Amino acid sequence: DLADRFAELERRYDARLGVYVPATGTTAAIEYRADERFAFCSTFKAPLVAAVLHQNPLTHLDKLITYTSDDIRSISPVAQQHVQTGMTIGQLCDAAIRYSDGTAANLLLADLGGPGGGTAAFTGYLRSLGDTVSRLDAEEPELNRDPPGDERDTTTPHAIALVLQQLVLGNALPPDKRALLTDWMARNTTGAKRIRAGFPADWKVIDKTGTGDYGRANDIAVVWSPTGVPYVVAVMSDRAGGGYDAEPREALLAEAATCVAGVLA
């Protein structure tokens, strides 16, 4: 029983776990706590890059953005390296997805603009995709720090799965921008030990991870069977029982993804 397996994993990792896979032609929706709120953490960066792509001509990717010391306020593996020269919007989108760069996300929010340093416009973008659940309220690093149960900066496995489905599989973006987003996620470097670990090598996996305080570890992916049948997989978790400094546990997501892949194969 799948629900039983997911419950075994929650006890194993002292965690709360959320899973959603949207229904297809012959597969029923997979859902476990799928309508409970979980912190986005960095998973918001996938629809953020979509919002920025949507909002501008494609060649806005070639605009150079400059920033300095006081702009580096969170984990930023790429932005720290380029602070002296700047980064184009294209580089920022690339860093935000593939390295989960926090500074790149803040600069991309600022590019999108409007109230809340871009957070209101980001939330408005999800609303345009029919997501009436998710909300972004803060930028990096504060967006990962809301206490357990607090609705600020949250989504649900169900809501984010349907957003990602529209972005990658559906028509939310024109084909050229849709390919940009899909390729960045295909080239992600942070996800080898999460959804990717749960699916056999001959399944294609693209993803965007999230990690935060209270032992938060998320992964949202699109996967394709060896015959090109796609599925959207949203896995979210926290270990709030360990307090603010609880260790995020990727293995939980790998195991949950293995359970999902078992059902989809």
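The first residue of the shown sequence is 1; numbering continues from there.
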Averaging the C-alpha B factors as listed in the entry, name the stretch that ends up higher: 243-251 or 19-27.
19-27
Stretch with higher mean Cα temperature factor, 59-67 vs 46-54, is 59-67
Which of these, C93, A179, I160, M87, has its C-alpha atom at the highest B-factor, as the entry lists it?
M87
For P148, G118, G124, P175, the deposited C-alpha B-factor is largest at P175
Lowest, middle or highest third: where is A201 by C-alpha B factor in its chain?
highest
On the chain's distribution of Cα B-factors, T189 falls within the third called middle
Once the chain's modelled residues are ordered by C-alpha B factor and cut into thirds, is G102 in the lowest, middle or highest one?
lowest
Modelled-residue ranking by C-alpha temperature factor, third containing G210:
lowest
Compared with the other modelled residues in the chain, in which third is the CA B-factor of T156?
lowest
